[PDB]
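Descriptive structure summary
This is what each chain is made of:
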Amino acid sequence: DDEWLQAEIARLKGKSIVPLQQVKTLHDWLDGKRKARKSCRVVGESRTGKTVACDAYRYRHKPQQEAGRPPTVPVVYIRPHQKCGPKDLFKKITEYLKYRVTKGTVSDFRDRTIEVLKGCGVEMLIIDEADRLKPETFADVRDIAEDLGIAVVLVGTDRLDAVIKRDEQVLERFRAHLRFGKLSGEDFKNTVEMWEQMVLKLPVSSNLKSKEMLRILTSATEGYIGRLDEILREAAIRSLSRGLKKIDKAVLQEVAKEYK
Amino acid sequence: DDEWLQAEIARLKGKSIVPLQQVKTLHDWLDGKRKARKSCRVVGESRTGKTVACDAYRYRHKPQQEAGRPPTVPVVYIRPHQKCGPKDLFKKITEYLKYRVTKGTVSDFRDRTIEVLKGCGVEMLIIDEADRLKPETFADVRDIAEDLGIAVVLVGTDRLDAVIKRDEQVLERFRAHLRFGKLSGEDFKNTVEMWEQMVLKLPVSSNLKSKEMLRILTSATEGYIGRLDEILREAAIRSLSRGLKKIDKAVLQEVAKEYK
Amino acid sequence: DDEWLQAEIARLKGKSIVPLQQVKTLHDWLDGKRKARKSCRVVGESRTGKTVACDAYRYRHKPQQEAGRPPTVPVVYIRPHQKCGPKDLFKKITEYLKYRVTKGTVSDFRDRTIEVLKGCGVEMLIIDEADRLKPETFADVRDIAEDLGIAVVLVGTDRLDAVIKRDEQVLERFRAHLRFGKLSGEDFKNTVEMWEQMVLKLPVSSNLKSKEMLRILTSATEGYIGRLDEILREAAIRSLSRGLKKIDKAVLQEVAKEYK
Amino acid sequence: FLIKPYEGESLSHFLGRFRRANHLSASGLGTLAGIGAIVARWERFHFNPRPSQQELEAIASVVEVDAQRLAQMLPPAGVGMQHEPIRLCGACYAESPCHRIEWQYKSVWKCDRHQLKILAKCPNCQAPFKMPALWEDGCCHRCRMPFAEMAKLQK
Amino acid sequence: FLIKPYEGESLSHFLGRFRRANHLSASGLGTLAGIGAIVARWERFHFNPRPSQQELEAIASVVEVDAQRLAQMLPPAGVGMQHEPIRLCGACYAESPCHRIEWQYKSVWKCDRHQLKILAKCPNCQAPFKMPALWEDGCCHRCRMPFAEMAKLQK
DNA sequence: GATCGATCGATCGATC
DNA sequence: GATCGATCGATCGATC
Ligand SMILES: Nc1ncnc2c1ncn2[C@@H]1O[C@H](COP(=O)(O)OP(=O)(O)OP(=O)(O)O)[C@@H](O)[C@H]1O
Ligand SMILES: Nc1ncnc2c1ncn2[C@@H]1O[C@H](COP(=O)(O)OP(=O)(O)OP(=O)(O)O)[C@@H](O)[C@H]1O
Ligand SMILES: Nc1ncnc2c1ncn2[C@@H]1O[C@H](COP(=O)(O)OP(=O)(O)OP(=O)(O)O)[C@@H](O)[C@H]1O
Ligand SMILES: [Mg+2]
Ligand SMILES: [Mg+2]
Ligand SMILES: [Mg+2]
Ligand SMILES: [Zn+2]
Ligand SMILES: [Zn+2]
């Protein structure tokens, strides 16, 4: 049973991807923008679930490689680090395509990245956390989208909109957006129940997400998917650590007051 | 039974929304002003029940959000704090729409608020306690109602009328009003009985709001819905604390003399 | 006896770690967050005893090294200096793991730090004085906690909460907290007596922390553990310097008035 | 507002002149072109990482001057230049109001056209010239002597 | 962090791989070994003063690979090599991720194991390969094609 | 019922 | 990146 407990805590520590309507709308919109090479910018709140949805859109088109030609990668997903320069961004582009870089100038990196970007037939350039990179690199991404005809999606918090607003071309070129919703409503309750069935993966104790539990989780998460995930995982782990088979009211109260 | 007593006292502490003719007239008038984008100003006494009715008109049109576009919020309800400046008001507008602010000048806040206000397709701007904000902000709300075509309802006590009277444009532009009534009469008795049935939620002991009880409550509340709510809740809690199943005459006498 | 006096003054100058309920709650919470890789932020007052408790949680898991593989360090404790940049922080991370840095760019330091951080199997990243580092480094710590799955605890004064509040992602991601208490009460008296027995390490003269002494120490420390330690050590050293075997009333009065 | 380059005009001078015609900061031009801080680097004649084809084409798209013509605002391959001191032939400036990239060539000390030593600071007050992108008017920023009049003090 | 050499691995490739495992610059490895700038010379395949016994033993002390084994990361006596172009068999790299010193032998144009011409630049984008010490990942630094995938384009 | 004058206190905003 | 920089905004209170 101790081995089972370790397996349960390890599984609860690891996060999963429950496909819900938010990510469904997102990759539908992404496919629509991809079929037309339309460069947009998906925006949303923090800790709301944009990175996971972009990740899912990345894995669904797992590149299928030919026997002797470069693997064709339709969707490129990048999350450049803080104050990412042009050399760093190009390094990341050519590294995701599995082309190790060669020491050289910024022009050399640009040329190699362009070569490998046309070579693999890339369709999408998903730049998550697009509020980190310097504005001397937005010209480079503009040139990529202009000449190579690759639909670029700039992903980030609402601060990304402020970052691009002070610029001139990047704001006009990247204007289509898809704001991530708050999810509050009956769909939120559906989310809680679906999470209970799938992610918790606990024996059926008929918790059913009663009205009191819904009120507690509404007061706790404030609509955030990430907060919901964190609270659910913390409550499950705390119940399993103290021997409780299911999740009681005291643990939700404890985790809710610990958050707020 | 002690758990039941705790549930009863917790429920009695929490306030509810009984829909009566006052709020019915109010949201009928609000719908009429909304269908024409007519900016009015609902006025009334203090502790009479305007905030709750505006709140009900806010929740009835719960925003329905699209899969990937901003939620469309038809009614915006705000209650700016004391001496609310223009930056504070704009912060509140864009915060209710769930767009977290970015540090910047007053012009930046104004531009972002205008952008998010046209983005969500807002129809109503309900400014409760509209006697708090500075007169350098009435120009901003005037500009909002002028250019964005959003019917603004200025809610507040009769002091709001004096505040707007000393100004020139805000008085002429916001002239339609709906004064909240005193409710005294047979409709007041209907209110007492309806409150007894719904809000008190006590076992039927045939209190029936007899003539003596009506006289006591008339002498106590002076027509105020808020005073009626406070007196009823205090009497119920005092009866339940001393073991009395129903509400006696002594508790109404005690709460009435404690008020006046 | 002079050698004994020198030993006593040297011991009194050196600080110790008395394990009390504050640090017990703290490392219990830290173990709970570690078993789930949950990144939190322990907050508290100044001169209250958070650094010592985090230090104790660091030494309890003293890394056990294999014969020929890197030592596995489960808990990493850092206290970055004022205005700590990303390069400085990465230098500190790889220096604690006993990997001396090599001259290079910020990207080189980041890559080496990531390599050594996955190599040693680190579970915790305890950033004490987390109100010092620049906000261009919070993106780096966010990336660490996001990709390497290491629970980060941001430790600092209440100013750290203000520092993270103006940011967007770091506030949402790091929301679980453990405020350090004031300790005032009977537990405070237990603290005084326990300190007298252990830290003072003086011959039993039946001081017993009488009511007058408790009143003086309450007026002096205001609940701070650090102030209690400083006052006790100063009084002991002053008594031992003037030949007094035990601690008199005059020395507490002198140190109390010297503080306030 | 588009501008035609002057013959021999340096990249720094041209970029600043384009920015002045459009009320743009260096960061603003960088965002318009999608290359950010690179614009300001080029304006100060910093090219340790030499201008790439993609960067030149990005600027070319905004200013509507081909990358090949932009490359003629820099020294040819193998010709060393200096970011400092910024230099000037006043007699040239009187004929065409621009800084010439040739004046930053390490091998150049005399104007061939005018057979005069080129200037490394104002000959009236000794103030060094700013980077050419900041040559807003044709005068010394300190004493206000016109660059064209400095021709009379060239040796 | 110590690393076992791959069979046939060149000295440049091995030195860079050791440096990456230890987050060392070439100058840093040189100071650790007490020989300074010699490390970077060897990484670029420059051996005007061939590696001395003392220099090989100095590096051997740090990397814990005997000088005799380090000498097998260079051509045998009498075998001429070239510092340029850096070459690659992608089919070999797929089996063992290193640059082989044999690929710099002047007499070598074909991989004997795979019976393929060895590559002197990326066959996808024509970018030359960097010195082997800088082969941080197994991909072309320009187009990002994996060296292992270049096997499919070898002739 | 004007009225006059002191006062201090956030506060955003340019700016070097 | 603090550092001013007015500044106006009540406000209030006696007082004649
Ligand atoms: N489709 C999903 N299925 C499961 N969990 C999800 C999903 N979408 C989001 N999450 C949860 O959301 C949290 C993080 O979300 P994500 O990283 O995508 O945020 P984001 O919207 O990109 O925001 P940020 O910019 O603040 O990082 C995690 O707890 C993750 O489990
Ligand atoms: N429709 C209603 N149903 C139930 N209670 C109501 C209703 N309308 C008002 N109340 C009661 O009135 C009290 C407060 O009313 P509300 O806050 O709306 O006042 P208001 O008229 O806006 O006045 P004020 O400006 O003085 O706050 C509460 O006790 C609340 O329960
Ligand atoms: N568990 C403990 N045992 C003994 N002394 C302690 C303990 N906790 C704190 N102290 C005392 O507290 C003082 C400093 O505490 P600490 O450095 O941990 O503070 P902190 O809460 O992190 O605050 P700050 O951020 O202001 O430095 C010292 O005098 C130290 O002896
Ligand atoms: Mg994210
Ligand atoms: Mg009200
Ligand atoms: Mg401390
Ligand atoms: Zn000339
Ligand atoms: Zn081969």
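Conventions used here
Residues numbered from 1 in each chain as written, not as in the entry; some residues may be left out. Chains lettered and ligands numbered in written order. Part of a larger assembly, values for the part shown. Heavy atoms only, no water. Residues with missing side-chain atoms left out of burial classes, pairs and counts. Contact = heavy atoms within 4.5 Å. Buried area = accessible area lost by both parts, 1.4 Å probe. Salt bridge = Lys/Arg side-chain N within 4 Å of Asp/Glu carboxyl O. Polar contact = N/O pair within 3.5 Å; in protein donor to acceptor, adjacent residues only side chain to side chain. Helix = DSSP H or I, 4+ residues; strand = E, 2+ residues; numbered from the N terminus. Nonpolar A, V, L, I, M, F, W, Y, C, P; charged D, E, K, R; others polar. Near = heavy atom within 4 Å. Areas by Shrake-Rupley, 256 points an atom, 1.4 Å probe, with all protein chains shown as cover. UniProt positions renumbered as here; feature names shortened; annotations may be inferred. Buried < 20%, exposed > 50% of the residue type's maximum accessible area, 1.4 Å probe, protein only. Patch = residues over 30% accessible without salt bridge, like charges linked within 9 Å, V, L, I, M, F, W, Y side chains within 5 Å. Donors = N, O, S within 2.8 Å, 3.2 Å for Na, K, Ca; no water. Tetrahedral: all angles 85-135°; square planar, octahedral: opposite > 155°, others 65-115°. Expected span 1.5 Å × (residues − 1).

- The record lists cryo-EM as the method behind this PDB entry and 3.44 Å as its resolution.

- The PDB entry lists chain D under the name TniQ (Homology model), with Scytonema hofmannii as the source organism.
- Here the PDB entry's recorded title is "TniQ-capped Tns-ATP-dsDNA complex".

- Where the PDB entry is consulted, chain A appears under the name TnsC, with the organism given as Scytonema hofmannii.

**Comments concerning the interface of chain A and chain E**
- Each side of the interface is counted separately: chain A has 28 residues, and chain E has 26 residues.
- A combined buried area of about 1800 Å² lies between chain A and chain E, and 51% of that area is made up of carbon and sulfur atoms.
- In terms of surface lost to chain E, no three residues of chain A exceed A:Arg100, A:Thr102 and A:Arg112, which account for 40% of the buried area on that side.
- Where chain A packs against chain E, one counts 3 salt bridges.
- Counting across the interface, chain A meets chain E through 24 residue pairs in polar contact.
- When residues of the side of chain A that touches chain E are assigned to their parent elements, the largest contribution, 9 residues, is made by helix α5 (residues 106-119) of chain A.
- Considering only residue class, the side of chain A that touches chain E consists of 10 nonpolar, 7 polar and 11 charged.

**Points about the site of ligand 1**
- Looking at ligand 1, there are 21 residues lining it, with A:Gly49, A:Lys50, A:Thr51, A:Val52 and A:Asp229 nearest.
- Chain contributions to the surroundings of ligand 1 come from chains A and C.
- Between A:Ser16 and ligand 1, the recorded distance is 3.5 Å, taken from a backbone N or O atom to a nitrogen atom.
- Interatomic distance of 3.5 Å between a backbone N/O atom of A:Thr48 and an oxygen atom of ligand 1.
- Expressed as a share of its isolated accessible area of 630 Å², the protein-covered part of ligand 1 is 94%.
- Elements that contribute at least two residues to the shell around ligand 1 include exactly α3 (50-60) and α11 (225-241) of chain A together with α8 (169-173) of chain C.
- The residue makeup of the shell around ligand 1, split by class, is 6 nonpolar, 8 polar and 7 charged.

**Describing the UniProt feature "binding site: Zn(2+) 1" (unreviewed entry) in chain D**
All names here are of chain D.
- Mapped onto this numbering, the UniProt entry gives "binding site: Zn(2+) 1" (unreviewed entry) at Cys89, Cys92, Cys111 and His114. Of the residues just listed, which span 26 residues, no C-alpha pair is farther apart than 8.5 Å, and they cluster in one region.
- Structurally, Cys89 is set in the loop between α5 (67-71) and α6 (90-95).
- By relative accessible area, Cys89 is classed as buried at 0%.
- By secondary structure assignment, the location of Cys92 is in helix α6.
- Once residues within four sequence positions are removed from consideration, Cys92 is found in contact with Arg100, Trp103, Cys111 and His114.

**Focus: the protein's contact with DNA strand F**
Residues and elements named next belong to chain B.
- All residues adjacent to DNA strand F are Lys87, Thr105 and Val106.
- The contact in question runs from a phosphate oxygen of DNA strand F to an N or O atom on the side chain of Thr105, over 2.8 Å.
- Contacts to DNA strand F include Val106, whose backbone N or O atom sits 3.2 Å from a phosphate oxygen.

**Regarding a nonpolar patch on the surface**
Residue and element names in this part refer to chain A.
- On the surface, a cluster of nonpolar side chains totalling about 260 Å² of accessible area is made up of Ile17, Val52 and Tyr59.
- Within the secondary structure, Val52 is located in helix α3.
- On the basis of relative accessibility, which here comes to 38%, the residue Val52 falls in the partly exposed class.

**Description of the coordination of the zinc ion (ligand 8)**
- Those donors, E:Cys89 (SG), E:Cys92 (SG), E:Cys111 (SG) and E:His114 (ND1), are the protein atoms that reach the zinc ion (ligand 8), and they lie 2.1 to 2.3 Å from it.
- Every donor counted, the 4 donor atoms about the zinc ion (ligand 8) form angles of 102 to 118 degrees at the centre, which fits tetrahedral coordination.

**A closer look at helix α5 (residues 106-119) of chain C**
- Taking 1.5 Å of rise per residue, 14 residues should cover 20 Å, and α5(C) covers 20 Å from first to last C-alpha, within 8% of that figure.
- Looking only at α5(C), the buried set comprises C:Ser107, C:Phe109, C:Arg112, C:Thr113, C:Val116 and C:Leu117.
- Contacts made by the buried residues of α5(C) are with α4 (86-96) of chain A, α4 (86-96) and α6 (135-147) of chain C together with α1 (11-22) of chain E.
- Where α5(C) ends, the next residue or the one after it, C:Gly121, has phi of about 60 degrees, a positive value.

**Describing the site of ligand 2**
Residue and element names in this part refer to chain B.
- Residues in contact with ligand 2 amount to 18 residues; listed here are only the nearest, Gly49, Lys50, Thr51, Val52 and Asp229.
- Contacts to ligand 2 include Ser16, whose backbone N or O atom sits 3.5 Å from a nitrogen atom.
- Between an oxygen atom of ligand 2 and a main-chain N or O atom of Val52, the distance comes to 2.7 Å.
- Burial of ligand 2 by the surrounding chains reaches 85%, relative to a free accessible area of 630 Å².
- Elements that contribute at least two residues to the shell around ligand 2 include exactly α3 (50-60) and α11 (225-241).
- Taken together, the residues that form the shell around ligand 2 break down as 6 nonpolar, 7 polar and 5 charged.

**Topic: the interface of chain B and chain A**
- The interface of chain B with chain A comprises 12 residues on the first partner and 14 residues on the second.
- Between chain B and chain A lies a buried interface of about 1100 Å² when both sides are counted; carbon and sulfur atoms form 49% of it.
- When the area that chain B buries against chain A is broken down by residue, the three leading residues are B:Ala67, B:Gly68 and B:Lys98, summing to 37%.
- At the surface where chain B touches chain A, the tally comes to 2 salt bridges.
- The closest approach of N and O atoms between B:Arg112 and A:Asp161, which form a salt bridge, is 2.8 Å.
- Counting across the chain B and chain A interface gives 3 residue pairs in polar contact.
- Its residues assigned to classes, the side of chain B that touches chain A comprises 3 nonpolar, 3 polar and 6 charged.

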